[PDB]
Amino acid sequence: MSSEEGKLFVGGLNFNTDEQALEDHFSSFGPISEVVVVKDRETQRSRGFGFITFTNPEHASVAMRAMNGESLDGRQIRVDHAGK
């Protein structure tokens with residue numbers, strides 16, 4: 001992305017993954033500018049893919065560093081930094 005968005009790409013999201021679930025855990029790892037999660041509109045259950053925006057690429061970098069392929073809600077997710 002080459003931008004100060006700090007957006008990370010999370011894959012394999014847990015079914016019980018939400019904007020708050022992702023924001024809370026990723027917040028702990030680093031600042032969260034914004035959070036977005038793709039889920040079922042009829043089941044309201046995460047589909048295994050979501051987007052998370054950080055304050056700065058540096059913050060985005062820490063989260064993927066501490067979460068890439070790491071058990072999120074008991075299910076490993078892959079955080080590929082959109083920007084960094």
# chains A, B, ... in the order shown; residues from 1 in each chain; ligands from 1
$ residues_around --residues "region 24-30 of chain A" --least-positions-apart "3" --cutoff "12 Å" --atoms "only C-alpha atoms" --output "VMD selection string"
chain A and resid 6 to 8 10 17 to 21 33 to 35 51 to 68 70 to 73 77 79
$ residues_around --residues "residue 12 (chain A)" --least-positions-apart "5" --cutoff "7 Å" --atoms "only C-alpha atoms" --output "short mmCIF file (atom, residue, chain, number, x, y, z; two decimals) with N, CA and C atoms, in the first residue's frame"
data_model
loop_
_atom_site.label_atom_id
_atom_site.label_comp_id
_atom_site.auth_asym_id
_atom_site.auth_seq_id
_atom_site.Cartn_x
_atom_site.Cartn_y
_atom_site.Cartn_z
N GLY A 48 -13.96 -15.84 7.86
CA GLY A 48 -12.54 -16.20 7.79
C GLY A 48 -11.69 -15.11 7.13
N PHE A 49 -12.28 -13.93 6.90
CA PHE A 49 -11.55 -12.82 6.29
C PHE A 49 -12.02 -11.50 6.86
N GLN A 76 -5.58 -20.03 14.35
CA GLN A 76 -4.51 -19.23 13.78
C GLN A 76 -4.98 -18.45 12.57
N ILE A 77 -4.58 -17.18 12.55
CA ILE A 77 -4.91 -16.27 11.46
C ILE A 77 -3.64 -15.71 10.88
N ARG A 78 -3.67 -15.40 9.59
CA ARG A 78 -2.49 -14.86 8.92
C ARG A 78 -2.66 -13.39 8.67
#
$ atom_distance --atom1 "CA of residue 37 (chain A)" --atom2 "CA of residue 81 (chain A)"
15.6 Å
$ select_by_dssp --residues "chain A" --states "strand (DSSP E)" --output "ChimeraX atom specification"
/A:8-11,32-39,46-54,70-72,75-81
$ closest_residue --among "A:75, A:47, A:84, A:41" --to "residue 4 (chain A)" --atoms "only C-alpha atoms"
A:84
$ select_by_dssp --residues "chain A" --states "helix (DSSP H, G or I)" --output "mmCIF file with C-alpha atoms, in the first residue's frame"
data_model
loop_
_atom_site.group_PDB
_atom_site.id
_atom_site.type_symbol
_atom_site.label_atom_id
_atom_site.label_comp_id
_atom_site.auth_asym_id
_atom_site.auth_seq_id
_atom_site.Cartn_x
_atom_site.Cartn_y
_atom_site.Cartn_z
ATOM 1 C CA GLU A 19 -14.594 -5.978 14.769
ATOM 2 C CA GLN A 20 -14.431 -5.792 18.555
ATOM 3 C CA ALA A 21 -12.765 -9.206 18.905
ATOM 4 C CA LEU A 22 -10.119 -8.260 16.361
ATOM 5 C CA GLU A 23 -9.841 -4.672 17.586
ATOM 6 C CA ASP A 24 -9.373 -5.799 21.209
ATOM 7 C CA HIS A 25 -6.616 -8.384 20.549
ATOM 8 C CA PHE A 26 -4.840 -6.281 17.912
ATOM 9 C CA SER A 27 -5.206 -3.181 20.142
ATOM 10 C CA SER A 28 -3.270 -5.040 22.783
ATOM 11 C CA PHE A 29 -0.513 -5.762 20.253
ATOM 12 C CA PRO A 57 2.345 1.212 9.495
ATOM 13 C CA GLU A 58 4.660 0.719 12.466
ATOM 14 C CA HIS A 59 1.672 -0.296 14.581
ATOM 15 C CA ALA A 60 0.388 -2.520 11.789
ATOM 16 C CA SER A 61 3.840 -4.125 11.643
ATOM 17 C CA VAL A 62 3.818 -5.068 15.350
ATOM 18 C CA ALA A 63 0.405 -6.744 15.192
ATOM 19 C CA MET A 64 1.286 -8.946 12.210
ATOM 20 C CA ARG A 65 4.630 -9.588 13.866
ATOM 21 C CA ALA A 66 2.860 -10.846 17.000
ATOM 22 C CA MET A 67 -0.185 -12.431 15.221
#
$ atom_distance --atom1 "CA of residue 44 (chain A)" --atom2 "CA of residue 83 (chain A)"
28.2 Å
$ closest_residue --among "A:82, A:38, A:1, A:32" --to "residue 13 (chain A)" --atoms "only C-alpha atoms"
A:38
